[PDB]
């Protein structure tokens, strides 16, 4: 497996693997995972908020993909959401996220069912698309933050949040807390 020595290396390798029309999911996953998280390389992107997790754009991938870092304050979690028909890779950079995989709801209303539950290990890279299922991810810690590196292809700025009690969903517009290390409006 090709091992990126820096975050910069990883970005460059990603620019190659997504330059084409096919993407080898397992290959990307392994190369993401092989990069050893180095806080010195990504602290410029680690901009936290007291109340919610933040999304911090790192690279726009020549429109082929978005690479972003997500910052999870203590106890922070996402809603149950989909991924708008894109590939979605998420790699741990610091701390640990619990991923809860959910099945899709019917038109009928009732409680959503868990298909899987795991903690992402150190440097681990996970993968999801809409055909895999829905998920919620959560900082496991109420005393330490978590930081993850996310890659989406194609890029997408809307998704759906799902009410665990009914399965009803809402369109959500996703925003960036910062881009290239610079706070956004």
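Residue numbers count along the first chain shown, from 1.
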Next on the checklist: Comparing average C-alpha B factors as deposited, tell me which of 79-87 and 105-113 sits higher.
Outcome noted: 105-113
Checklist entry - Is the mean CA B factor in the deposited entry higher across 128-136 or across 60-68? => result 60-68
Checklist entry - Which third of the chain holds residue 158 when residues are ordered by C-alpha B factor: lowest, middle or highest? => result highest
Checklist entry - By the record's CA B-factor, is residue 49 among the lowest, middle or highest third of residues in the chain? => result middle
Checklist outcome for this item: Entry-reported C-alpha B-factor of residue 26 relative to its chain, by third, is highest
Checklist entry - In terms of the chain's CA B-factor thirds, is residue 36 lowest, middle or highest? => result middle
